[PDB]
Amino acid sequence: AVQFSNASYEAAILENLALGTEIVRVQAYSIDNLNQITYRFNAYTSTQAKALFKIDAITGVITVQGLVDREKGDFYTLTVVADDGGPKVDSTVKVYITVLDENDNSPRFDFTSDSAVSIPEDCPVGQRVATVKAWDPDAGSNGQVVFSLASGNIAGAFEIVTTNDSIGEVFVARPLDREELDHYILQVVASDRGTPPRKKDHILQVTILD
(Lines of atoms letter the chains of each structure in order from A and count residues from 1; the text may use other names and numbers.)
(Lines give C-alpha, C1' and ligand atoms only; values in the text may rest on other atoms or scores of the structure.)
Protein backbone atom coordinates (compact mmCIF):
# COMPACT_ATOMS: atom_id res chain seq x y z
CA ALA A 1 0.00 0.00 0.00
CA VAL A 2 1.70 3.20 -1.33
CA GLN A 3 2.73 5.59 1.46
CA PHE A 4 3.96 9.18 1.65
CA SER A 5 7.13 10.40 3.40
CA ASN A 6 4.83 12.49 5.64
CA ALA A 7 1.26 11.99 6.93
CA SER A 8 0.55 15.54 5.70
CA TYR A 9 2.71 18.34 4.27
CA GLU A 10 2.69 22.01 5.32
CA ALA A 11 4.54 25.18 4.40
CA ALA A 12 4.47 28.83 5.42
CA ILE A 13 5.43 30.98 2.43
CA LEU A 14 5.86 34.74 1.96
CA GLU A 15 3.40 36.39 -0.41
CA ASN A 16 4.78 37.78 -3.73
CA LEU A 17 7.30 34.96 -4.24
CA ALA A 18 8.66 34.48 -7.74
CA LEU A 19 6.99 32.21 -10.27
CA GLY A 20 8.67 28.79 -10.06
CA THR A 21 9.54 29.00 -6.33
CA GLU A 22 9.45 25.58 -4.77
CA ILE A 23 7.07 25.23 -1.82
CA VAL A 24 7.33 21.54 -0.87
CA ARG A 25 8.16 18.22 -2.42
CA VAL A 26 5.70 15.33 -2.00
CA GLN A 27 7.23 11.83 -2.16
CA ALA A 28 5.48 8.50 -2.10
CA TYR A 29 6.81 4.95 -2.43
CA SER A 30 6.00 1.29 -1.97
CA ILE A 31 8.33 -1.70 -2.20
CA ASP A 32 5.58 -3.88 -3.83
CA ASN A 33 4.81 -1.41 -6.67
CA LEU A 34 7.15 -1.06 -9.68
CA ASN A 35 5.16 1.67 -11.51
CA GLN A 36 6.64 5.17 -11.68
CA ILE A 37 4.40 7.47 -9.62
CA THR A 38 2.51 10.30 -11.28
CA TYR A 39 1.78 13.08 -8.71
CA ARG A 40 -1.36 15.16 -9.37
CA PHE A 41 -3.96 17.29 -7.59
CA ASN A 42 -7.38 15.67 -7.33
CA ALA A 43 -10.79 17.39 -7.60
CA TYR A 44 -10.84 18.21 -3.83
CA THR A 45 -8.22 20.86 -4.65
CA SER A 46 -9.91 24.24 -5.31
CA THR A 47 -9.66 26.09 -8.64
CA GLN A 48 -8.12 28.99 -6.70
CA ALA A 49 -5.40 26.72 -5.27
CA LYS A 50 -4.71 25.06 -8.64
CA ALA A 51 -4.23 28.51 -10.22
CA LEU A 52 -1.50 29.47 -7.73
CA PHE A 53 0.31 26.12 -7.36
CA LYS A 54 1.40 23.29 -9.58
CA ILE A 55 2.86 19.90 -8.89
CA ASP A 56 5.38 18.23 -11.16
CA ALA A 57 4.06 14.83 -12.32
CA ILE A 58 7.37 13.00 -11.89
CA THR A 59 9.21 14.79 -9.05
CA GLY A 60 6.31 15.72 -6.80
CA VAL A 61 7.79 19.24 -6.45
CA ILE A 62 5.11 21.88 -5.85
CA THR A 63 5.95 25.29 -7.37
CA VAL A 64 4.32 28.70 -7.54
CA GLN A 65 2.63 29.45 -10.88
CA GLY A 66 0.44 32.47 -10.03
CA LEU A 67 0.55 35.70 -8.11
CA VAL A 68 0.36 34.80 -4.41
CA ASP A 69 -1.30 37.72 -2.59
CA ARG A 70 -1.98 37.47 1.14
CA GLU A 71 -4.53 40.29 0.73
CA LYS A 72 -6.63 37.94 -1.52
CA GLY A 73 -6.19 34.68 0.48
CA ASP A 74 -3.88 33.40 3.25
CA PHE A 75 -4.47 29.62 3.34
CA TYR A 76 -4.79 26.83 0.75
CA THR A 77 -5.33 23.08 0.96
CA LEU A 78 -4.08 20.81 -1.83
CA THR A 79 -4.90 17.13 -2.14
CA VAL A 80 -2.22 15.18 -3.99
CA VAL A 81 -2.74 11.71 -5.43
CA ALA A 82 0.20 9.32 -5.78
CA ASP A 83 -1.28 7.85 -8.97
CA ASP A 84 0.27 4.51 -10.00
CA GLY A 85 -1.60 4.48 -13.35
CA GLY A 86 -2.94 0.97 -12.72
CA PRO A 87 -5.93 -0.70 -11.07
CA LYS A 88 -4.69 -0.50 -7.45
CA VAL A 89 -6.35 2.20 -5.37
CA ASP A 90 -4.04 5.21 -5.13
CA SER A 91 -3.11 6.95 -1.90
CA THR A 92 -3.63 10.63 -1.27
CA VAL A 93 -2.15 13.26 1.06
CA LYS A 94 -2.99 16.82 2.16
CA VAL A 95 -0.71 19.84 1.64
CA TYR A 96 -1.49 22.92 3.82
CA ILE A 97 -0.11 26.22 2.58
CA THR A 98 -0.09 29.32 4.79
CA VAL A 99 0.65 32.73 3.17
CA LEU A 100 2.52 35.18 5.41
CA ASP A 101 2.30 38.95 5.18
CA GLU A 102 4.69 41.35 3.50
CA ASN A 103 4.43 45.08 3.99
CA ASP A 104 3.60 45.50 0.32
CA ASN A 105 1.11 48.36 0.70
CA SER A 106 1.52 51.96 1.75
CA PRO A 107 -1.39 53.83 3.36
CA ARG A 108 -3.66 55.30 0.67
CA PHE A 109 -5.78 58.36 1.44
CA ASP A 110 -9.51 58.12 0.87
CA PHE A 111 -10.75 60.78 -1.63
CA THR A 112 -13.18 62.13 1.00
CA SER A 113 -10.12 63.29 3.03
CA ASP A 114 -10.28 67.09 3.67
CA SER A 115 -7.88 69.12 1.45
CA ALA A 116 -8.92 72.72 2.19
CA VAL A 117 -10.88 74.16 5.10
CA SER A 118 -11.58 77.66 6.42
CA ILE A 119 -12.01 78.36 10.12
CA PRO A 120 -12.37 81.62 12.04
CA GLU A 121 -9.59 82.75 14.36
CA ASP A 122 -11.61 82.22 17.54
CA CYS A 123 -11.99 78.47 16.68
CA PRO A 124 -11.67 77.14 20.19
CA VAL A 125 -8.83 74.89 21.41
CA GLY A 126 -10.23 71.37 21.14
CA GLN A 127 -12.49 72.05 18.11
CA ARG A 128 -12.44 69.38 15.38
CA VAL A 129 -11.37 71.23 12.22
CA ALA A 130 -10.83 68.55 9.59
CA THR A 131 -10.94 64.86 8.92
CA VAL A 132 -8.72 62.57 6.82
CA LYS A 133 -9.05 58.86 6.17
CA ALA A 134 -6.51 56.27 4.99
CA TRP A 135 -6.59 52.51 4.36
CA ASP A 136 -3.79 49.94 4.53
CA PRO A 137 -4.81 46.32 3.71
CA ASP A 138 -1.73 44.57 5.20
CA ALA A 139 -1.95 42.42 8.35
CA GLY A 140 -1.16 43.33 11.96
CA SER A 141 1.30 46.20 12.39
CA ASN A 142 1.90 46.41 8.61
CA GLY A 143 -1.70 47.55 8.13
CA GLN A 144 -2.11 49.82 11.18
CA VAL A 145 -2.12 53.53 10.26
CA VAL A 146 -0.82 56.42 12.43
CA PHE A 147 -1.18 60.06 11.41
CA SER A 148 1.17 62.98 11.97
CA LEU A 149 1.48 66.65 11.01
CA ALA A 150 5.01 66.48 9.61
CA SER A 151 5.46 70.07 8.39
CA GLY A 152 3.66 73.37 8.17
CA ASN A 153 2.12 73.12 11.68
CA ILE A 154 3.54 76.47 12.72
CA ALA A 155 3.72 76.93 16.53
CA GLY A 156 1.85 73.62 17.17
CA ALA A 157 -1.44 75.30 16.18
CA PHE A 158 -3.04 71.92 15.28
CA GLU A 159 -2.90 68.34 16.42
CA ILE A 160 -4.06 65.13 14.71
CA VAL A 161 -5.60 62.18 16.58
CA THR A 162 -5.68 58.71 15.08
CA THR A 163 -8.73 56.47 15.58
CA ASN A 164 -9.35 52.90 14.48
CA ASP A 165 -6.00 52.83 12.57
CA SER A 166 -7.76 54.71 9.72
CA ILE A 167 -9.25 58.11 10.68
CA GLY A 168 -7.22 61.22 11.30
CA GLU A 169 -8.98 63.93 13.28
CA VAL A 170 -7.46 67.42 13.12
CA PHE A 171 -8.18 69.67 16.13
CA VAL A 172 -7.18 73.17 17.21
CA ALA A 173 -4.35 72.63 19.73
CA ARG A 174 -3.49 76.27 20.58
CA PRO A 175 -5.26 79.61 20.12
CA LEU A 176 -5.13 81.01 16.55
CA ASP A 177 -4.33 84.58 15.48
CA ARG A 178 -5.07 85.64 11.93
CA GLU A 179 -2.63 88.66 11.97
CA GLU A 180 0.11 86.36 13.34
CA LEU A 181 -0.62 83.70 10.67
CA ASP A 182 -3.63 83.40 8.31
CA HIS A 183 -2.91 80.25 6.33
CA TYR A 184 -1.40 76.83 6.99
CA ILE A 185 -0.10 74.18 4.55
CA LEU A 186 -0.21 71.04 6.74
CA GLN A 187 1.67 67.96 5.48
CA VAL A 188 -0.50 65.15 6.89
CA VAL A 189 1.52 61.92 6.90
CA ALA A 190 -0.17 58.52 7.21
CA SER A 191 2.39 55.95 8.21
CA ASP A 192 1.89 52.21 8.75
CA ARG A 193 3.68 50.43 11.61
CA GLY A 194 5.83 48.13 9.48
CA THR A 195 9.58 47.83 10.06
CA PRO A 196 10.52 50.06 8.29
CA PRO A 197 7.28 52.10 8.11
CA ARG A 198 5.71 52.95 4.76
CA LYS A 199 4.34 56.46 4.47
CA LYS A 200 2.07 58.61 2.30
CA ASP A 201 1.48 62.39 2.37
CA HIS A 202 -1.67 64.42 2.03
CA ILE A 203 -1.82 68.22 1.92
CA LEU A 204 -4.42 69.90 4.13
CA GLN A 205 -4.62 73.70 3.74
CA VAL A 206 -6.25 75.73 6.56
CA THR A 207 -7.40 79.33 5.96
CA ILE A 208 -7.99 81.56 8.96
CA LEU A 209 -11.03 83.82 8.42
CA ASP A 210 -11.91 87.23 9.84
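Numbering starts at 1 and follows the sequence shown.
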| property | result |
| --- | --- |
| Segment of higher mean CA temperature factor, 28-36 or 46-54 | 28-36 |
| Average Cα temperature factor in the PDB entry - higher stretch of 60-68, 169-177 | 169-177 |
| Third of the chain, ranked by Cα B-factor, where residue 208 sits | middle |
| Entry-reported Cα temperature factor of residue 193, expressed as the chain third it lands in | highest |
| Residue 131, C-alpha B-factor rank within chain (lowest, middle or highest third) | middle |
| Entry-reported Cα temperature factor of residue 160, expressed as the chain third it lands in | middle |
| Chain-relative CA temperature factor third for residue 92 | middle |
